[PDB]
Structures are given as structure tokens and as C-alpha cells.
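K.L.:
Please read through the structure below; I'll follow up with questions.
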Amino acid sequence: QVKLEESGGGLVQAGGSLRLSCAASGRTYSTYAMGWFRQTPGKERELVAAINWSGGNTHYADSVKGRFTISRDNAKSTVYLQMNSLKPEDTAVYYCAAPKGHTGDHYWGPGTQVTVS
């Protein structure tokens with residue numbers, strides 16, 4: 001099965017920026033769409049941003065539009081989430097995800113803490 005490897009994140013002051021990365025490990029020109037969900041205590045995971053296999057189509061949650069940008073290094077099967085103008089409400093665990101076929105279910109990375117002070 002596809003393995004998703006995450007890096008980035010950490011603690012940042014409000015107004016600051018972080019850049020998350022997720023790689024479909026060992027894959028070259030992977031055909032998986034990739035993106036991030038985030039989760040806070042007591043709530044379900046919520047889709048933040050996603051990008052298709054080619055990098056030509058993206059999706060953003062309304063709450064992050066104009067602040068977060070998802071991009072893709074297609075050869076390296078790696079996506080990046082540039083998180084600018086961070087707000088306290090952005091504090092969450094961010095999980096990389098790829099679709100399980102066409103089913104609407106997902107493969108998951110391990111999760112990355114983003115904490116905005």
C-alpha cells in the first residue's frame with residue numbers, strides 16, 4: 001500500500017507561517033491525489049486542501065482561502081502546504097491523505113502538529 005511521509009509543522013506565533021510536506025514514499029510521478037485534513041479535539045477530520053495528480057486542479061476549505069497554498073513536485077510525488085497568516089484557530093493535527101481508489105476513503109499519514117500561539 002502507499003505510505004505517506006510527513007514533515008514540517010511545529011509551533012509558530014500568530015501571523016507567522018509554516019510549510020508542511022507530504023511524500024508518497026518511494027514513488028515517482030505518483031498518480032495519487034494528495035492533500036491535508038486537520039483535526040481538533042472532539043471533531044471529525046476536515047479537508048483543508050487537496051491537489052490532483054497533475055497539479056492542475058486544487059481544492060481549499062473556505063477558512064484557509066487566500067492564506068494556504070497547496071503545490072506539487074510531481075516527479076518527487078511530494079505536495080507542500082504553505083500556511084501563511086496563521087491564526088490561533090488553525091491549531092490542529094494535520095494529516096496527509098490520498099484516496100483509496102474511487103471509494104471516498106483514504107490512506108493517511110501519521111499526522112503533524114501545527115500549534116499557533
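The way I read the labels, and the way they are meant: chains A, B, ... in the order of the C-alpha cells, residue 1 as the first residue of every chain, and ligand 1 as the first ligand shown, with later ones counted on from there.
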Would you kindly return, as an mmCIF file with N, CA, C and O atoms, in the first residue's frame, each protein, DNA or RNA residue with an atom no farther than 10 Å from any atom of region 91-106 of chain A, considering only C-alpha atoms and excluding same-chain residues fewer than 6 positions away?

P.N.:
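To be explicit, this is the file written out as around12.cif:
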data_model
loop_
_atom_site.group_PDB
_atom_site.id
_atom_site.type_symbol
_atom_site.label_atom_id
_atom_site.label_comp_id
_atom_site.auth_asym_id
_atom_site.auth_seq_id
_atom_site.Cartn_x
_atom_site.Cartn_y
_atom_site.Cartn_z
ATOM 1 N N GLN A 1 0.835 -1.194 0.000
ATOM 2 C CA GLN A 1 0.000 0.000 0.000
ATOM 3 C C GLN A 1 0.872 1.248 0.000
ATOM 4 O O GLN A 1 2.032 1.203 0.411
ATOM 5 N N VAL A 2 0.310 2.363 -0.470
ATOM 6 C CA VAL A 2 1.034 3.627 -0.478
ATOM 7 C C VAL A 2 1.274 4.087 0.954
ATOM 8 O O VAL A 2 0.380 4.026 1.807
ATOM 9 N N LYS A 3 2.492 4.549 1.221
ATOM 10 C CA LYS A 3 2.881 5.103 2.509
ATOM 11 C C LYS A 3 3.092 6.602 2.347
ATOM 12 O O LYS A 3 3.719 7.043 1.382
ATOM 13 N N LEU A 4 2.528 7.381 3.262
ATOM 14 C CA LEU A 4 2.585 8.834 3.218
ATOM 15 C C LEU A 4 3.479 9.318 4.349
ATOM 16 O O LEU A 4 3.218 9.001 5.521
ATOM 17 N N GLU A 5 4.518 10.074 3.995
ATOM 18 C CA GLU A 5 5.515 10.567 4.948
ATOM 19 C C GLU A 5 5.405 12.082 5.050
ATOM 20 O O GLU A 5 5.464 12.783 4.037
ATOM 21 N N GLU A 6 5.260 12.578 6.274
ATOM 22 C CA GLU A 6 5.027 13.983 6.556
ATOM 23 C C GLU A 6 6.247 14.636 7.172
ATOM 24 O O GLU A 6 7.036 13.993 7.875
ATOM 25 N N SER A 7 6.389 15.931 6.921
ATOM 26 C CA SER A 7 7.366 16.726 7.637
ATOM 27 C C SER A 7 6.889 18.169 7.712
ATOM 28 O O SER A 7 5.924 18.573 7.060
ATOM 29 N N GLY A 9 5.737 21.611 10.157
ATOM 30 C CA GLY A 9 4.892 21.872 11.301
ATOM 31 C C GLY A 9 5.692 22.267 12.526
ATOM 32 O O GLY A 9 6.911 22.443 12.505
ATOM 33 N N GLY A 10 4.972 22.407 13.618
ATOM 34 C CA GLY A 10 5.570 22.863 14.844
ATOM 35 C C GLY A 10 4.785 24.014 15.425
ATOM 36 O O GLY A 10 3.598 24.190 15.140
ATOM 37 N N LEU A 11 5.478 24.800 16.239
ATOM 38 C CA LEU A 11 4.876 25.906 16.964
ATOM 39 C C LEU A 11 5.283 27.213 16.306
ATOM 40 O O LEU A 11 6.457 27.406 15.972
ATOM 41 N N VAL A 12 4.315 28.104 16.123
ATOM 42 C CA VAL A 12 4.568 29.383 15.468
ATOM 43 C C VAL A 12 3.669 30.442 16.087
ATOM 44 O O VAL A 12 2.565 30.150 16.556
ATOM 45 N N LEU A 20 4.198 22.653 5.357
ATOM 46 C CA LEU A 20 4.108 21.211 5.534
ATOM 47 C C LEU A 20 4.462 20.509 4.234
ATOM 48 O O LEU A 20 4.235 21.039 3.145
ATOM 49 N N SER A 21 5.014 19.305 4.350
ATOM 50 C CA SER A 21 5.250 18.488 3.166
ATOM 51 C C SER A 21 4.738 17.079 3.411
ATOM 52 O O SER A 21 4.704 16.585 4.551
ATOM 53 N N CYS A 22 4.329 16.438 2.318
ATOM 54 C CA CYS A 22 3.930 15.044 2.364
ATOM 55 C C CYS A 22 4.396 14.364 1.090
ATOM 56 O O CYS A 22 4.157 14.866 -0.013
ATOM 57 N N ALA A 23 5.047 13.211 1.248
ATOM 58 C CA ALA A 23 5.596 12.472 0.118
ATOM 59 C C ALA A 23 4.962 11.093 0.074
ATOM 60 O O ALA A 23 4.791 10.448 1.115
ATOM 61 N N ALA A 24 4.594 10.653 -1.127
ATOM 62 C CA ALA A 24 4.208 9.261 -1.350
ATOM 63 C C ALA A 24 5.519 8.488 -1.482
ATOM 64 O O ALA A 24 6.175 8.513 -2.526
ATOM 65 N N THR A 31 0.404 8.817 -9.209
ATOM 66 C CA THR A 31 -0.900 9.218 -9.725
ATOM 67 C C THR A 31 -1.929 9.502 -8.636
ATOM 68 O O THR A 31 -3.085 9.795 -8.956
ATOM 69 N N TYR A 32 -1.555 9.437 -7.366
ATOM 70 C CA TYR A 32 -2.494 9.738 -6.296
ATOM 71 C C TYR A 32 -2.712 11.234 -6.144
ATOM 72 O O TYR A 32 -1.755 11.999 -6.016
ATOM 73 N N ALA A 33 -3.971 11.651 -6.086
ATOM 74 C CA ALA A 33 -4.272 12.940 -5.477
ATOM 75 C C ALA A 33 -3.747 12.938 -4.047
ATOM 76 O O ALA A 33 -3.697 11.899 -3.388
ATOM 77 N N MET A 34 -3.345 14.111 -3.566
ATOM 78 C CA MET A 34 -2.810 14.243 -2.217
ATOM 79 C C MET A 34 -3.352 15.517 -1.587
ATOM 80 O O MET A 34 -3.646 16.508 -2.260
ATOM 81 N N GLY A 35 -3.474 15.496 -0.270
ATOM 82 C CA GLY A 35 -3.943 16.682 0.416
ATOM 83 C C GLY A 35 -3.839 16.527 1.909
ATOM 84 O O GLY A 35 -3.218 15.592 2.409
ATOM 85 N N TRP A 36 -4.421 17.500 2.621
ATOM 86 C CA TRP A 36 -4.383 17.500 4.077
ATOM 87 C C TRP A 36 -5.774 17.688 4.647
ATOM 88 O O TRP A 36 -6.552 18.522 4.172
ATOM 89 N N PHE A 37 -6.029 16.951 5.718
ATOM 90 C CA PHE A 37 -7.138 17.155 6.626
ATOM 91 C C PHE A 37 -6.566 17.709 7.918
ATOM 92 O O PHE A 37 -5.382 17.537 8.207
ATOM 93 N N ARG A 38 -7.402 18.362 8.713
ATOM 94 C CA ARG A 38 -6.972 18.717 10.054
ATOM 95 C C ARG A 38 -8.040 18.328 11.067
ATOM 96 O O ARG A 38 -9.224 18.189 10.751
ATOM 97 N N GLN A 39 -7.585 18.169 12.299
ATOM 98 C CA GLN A 39 -8.440 17.700 13.377
ATOM 99 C C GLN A 39 -8.107 18.400 14.683
ATOM 100 O O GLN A 39 -6.940 18.463 15.089
ATOM 101 N N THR A 40 -9.148 18.894 15.360
ATOM 102 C CA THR A 40 -9.073 19.391 16.711
ATOM 103 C C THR A 40 -9.880 18.488 17.649
ATOM 104 O O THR A 40 -10.695 17.672 17.184
ATOM 105 N N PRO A 41 -9.688 18.597 18.961
ATOM 106 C CA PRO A 41 -10.314 17.629 19.882
ATOM 107 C C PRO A 41 -11.831 17.600 19.771
ATOM 108 O O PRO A 41 -12.496 18.636 19.766
ATOM 109 N N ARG A 45 -12.121 14.836 11.332
ATOM 110 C CA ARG A 45 -11.149 15.414 10.421
ATOM 111 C C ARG A 45 -11.866 16.170 9.303
ATOM 112 O O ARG A 45 -12.902 15.719 8.796
ATOM 113 N N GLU A 46 -11.314 17.330 8.930
ATOM 114 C CA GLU A 46 -11.915 18.234 7.950
ATOM 115 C C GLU A 46 -10.911 18.503 6.841
ATOM 116 O O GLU A 46 -9.735 18.768 7.114
ATOM 117 N N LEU A 47 -11.359 18.398 5.593
ATOM 118 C CA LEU A 47 -10.489 18.641 4.445
ATOM 119 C C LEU A 47 -10.040 20.100 4.383
ATOM 120 O O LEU A 47 -10.882 21.008 4.385
ATOM 121 N N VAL A 48 -8.725 20.314 4.326
ATOM 122 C CA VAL A 48 -8.112 21.646 4.272
ATOM 123 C C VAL A 48 -7.744 22.039 2.839
ATOM 124 O O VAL A 48 -8.098 23.125 2.370
ATOM 125 N N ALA A 49 -7.050 21.151 2.132
ATOM 126 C CA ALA A 49 -6.551 21.443 0.799
ATOM 127 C C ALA A 49 -6.229 20.132 0.118
ATOM 128 O O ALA A 49 -5.846 19.154 0.764
ATOM 129 N N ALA A 50 -6.378 20.122 -1.196
ATOM 130 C CA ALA A 50 -6.062 18.940 -1.986
ATOM 131 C C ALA A 50 -5.633 19.346 -3.387
ATOM 132 O O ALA A 50 -5.963 20.434 -3.868
ATOM 133 N N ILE A 51 -4.906 18.435 -4.036
ATOM 134 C CA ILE A 51 -4.375 18.686 -5.376
ATOM 135 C C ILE A 51 -4.342 17.368 -6.125
ATOM 136 O O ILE A 51 -4.018 16.320 -5.557
ATOM 137 N N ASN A 52 -4.703 17.420 -7.406
ATOM 138 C CA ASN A 52 -4.798 16.194 -8.190
ATOM 139 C C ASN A 52 -3.425 15.747 -8.692
ATOM 140 O O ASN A 52 -2.392 16.368 -8.435
ATOM 141 N N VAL A 79 3.808 16.799 -2.030
ATOM 142 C CA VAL A 79 2.995 18.006 -2.012
ATOM 143 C C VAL A 79 3.422 18.874 -0.837
ATOM 144 O O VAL A 79 4.011 18.393 0.139
ATOM 145 N N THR A 112 0.690 15.621 11.770
ATOM 146 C CA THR A 112 1.694 16.631 12.080
ATOM 147 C C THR A 112 1.026 17.698 12.924
ATOM 148 O O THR A 112 0.021 18.275 12.502
ATOM 149 N N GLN A 113 1.603 18.009 14.087
ATOM 150 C CA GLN A 113 1.053 19.054 14.936
ATOM 151 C C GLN A 113 1.412 20.430 14.388
ATOM 152 O O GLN A 113 2.576 20.705 14.088
ATOM 153 N N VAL A 114 0.404 21.290 14.270
ATOM 154 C CA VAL A 114 0.572 22.708 13.986
ATOM 155 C C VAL A 114 -0.037 23.455 15.160
ATOM 156 O O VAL A 114 -1.223 23.277 15.472
ATOM 157 N N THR A 115 0.771 24.265 15.832
ATOM 158 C CA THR A 115 0.301 24.972 17.014
ATOM 159 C C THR A 115 0.628 26.444 16.865
ATOM 160 O O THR A 115 1.800 26.815 16.747
ATOM 161 N N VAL A 116 -0.407 27.276 16.891
ATOM 162 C CA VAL A 116 -0.272 28.712 16.696
ATOM 163 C C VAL A 116 -0.513 29.385 18.038
ATOM 164 O O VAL A 116 -1.602 29.274 18.613
ATOM 165 N N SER A 117 0.508 30.069 18.542
ATOM 166 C CA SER A 117 0.422 30.710 19.851
ATOM 167 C C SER A 117 -0.125 32.138 19.752
ATOM 168 O O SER A 117 0.316 32.940 18.921
#

K.L.:
Would you kindly return, as an MDAnalysis selection string, each protein, DNA or RNA residue with an atom no farther than 7 Å from any atom of residue 77 (chain A), considering only C-alpha atoms and excluding same-chain residues fewer than 4 positions away?

P.N.:
chainID A and resid 23:24 27:30 73

K.L.:
Among chain A, which ones does DSSP assign to helix (DSSP H, G or I) (computed from the backbone)? Answer as number ranges by chain.

P.N.:
A: 62-64, 88-90

K.L.:
Give me, please, the distance in Å between CA of residue 58 (chain A) and CA of residue 19 (chain A), quoted to one decimal.

P.N.:
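CA of residue 19 (chain A) lies 17.0 Å from CA of residue 58 (chain A).
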
K.L.:
CA of residue 25 (chain A) to CA of residue 78 (chain A): how many Å, to one decimal?

P.N.:
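Distance between the two atoms: 8.5 Å.
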
K.L.:
Using the chain letters and numbers from this document, which residues of chain A does DSSP assign to strand (DSSP E), as number ranges by chain?

P.N.:
A: 4-7, 10-12, 18-24, 34-39, 46-51, 58-60, 68-73, 78-83, 92-99, 106-108, 112-116

K.L.:
Restricting the calculation to only C-alpha atoms: of A:85, A:57, A:63, A:69, which residue gets closest to residue 15 (chain A)?

P.N.:
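When distances to residue 15 (chain A) are compared using only C-alpha atoms, the smallest one comes from A:85.
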
K.L.:
Pick out the residues sitting within 8 Å of residue 84 (chain A), and hand them over as number ranges by chain; count only C-alpha atoms, and ignore anything fewer than 2 positions along from it in its own chain.

P.N.:
A: 15-18, 67-68, 82, 86

K.L.:
Give me a file of those residues, with N, CA and C atoms, as a short mmCIF file (atom, residue, chain, number, x, y, z; two decimals), in the first residue's frame.

P.N.:
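This went into result_16.cif:
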data_model
loop_
_atom_site.label_atom_id
_atom_site.label_comp_id
_atom_site.auth_asym_id
_atom_site.auth_seq_id
_atom_site.Cartn_x
_atom_site.Cartn_y
_atom_site.Cartn_z
N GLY A 15 0.13 35.06 12.97
CA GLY A 15 0.66 35.85 11.88
C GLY A 15 1.83 35.21 11.17
N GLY A 16 2.43 34.18 11.76
CA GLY A 16 3.59 33.53 11.18
C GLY A 16 3.18 32.53 10.11
N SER A 17 4.19 31.80 9.63
CA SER A 17 3.99 30.86 8.53
C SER A 17 4.68 29.54 8.85
N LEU A 18 4.15 28.47 8.27
CA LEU A 18 4.76 27.15 8.29
C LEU A 18 4.56 26.54 6.91
N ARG A 67 -4.82 32.23 2.29
CA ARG A 67 -3.75 32.10 3.26
C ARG A 67 -2.90 30.87 3.04
N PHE A 68 -3.51 29.75 2.64
CA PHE A 68 -2.82 28.49 2.43
C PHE A 68 -2.76 28.19 0.94
N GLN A 82 1.83 25.56 2.01
CA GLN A 82 2.39 26.81 2.52
C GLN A 82 1.30 27.51 3.31
N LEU A 86 -1.01 32.63 9.81
CA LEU A 86 -1.61 31.63 10.69
C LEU A 86 -2.38 32.28 11.83
#

K.L.:
Tell me which of A:81, A:89, A:71, A:55 sits closest to residue 8 (chain A), counting only C-alpha atoms.

P.N.:
A:81

K.L.:
At what distance in Å, to one decimal, does CA of residue 74 (chain A) lie from CA of residue 56 (chain A)?

P.N.:
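If I compute the distance from CA of residue 56 (chain A) to CA of residue 74 (chain A), I get 10.9 Å.
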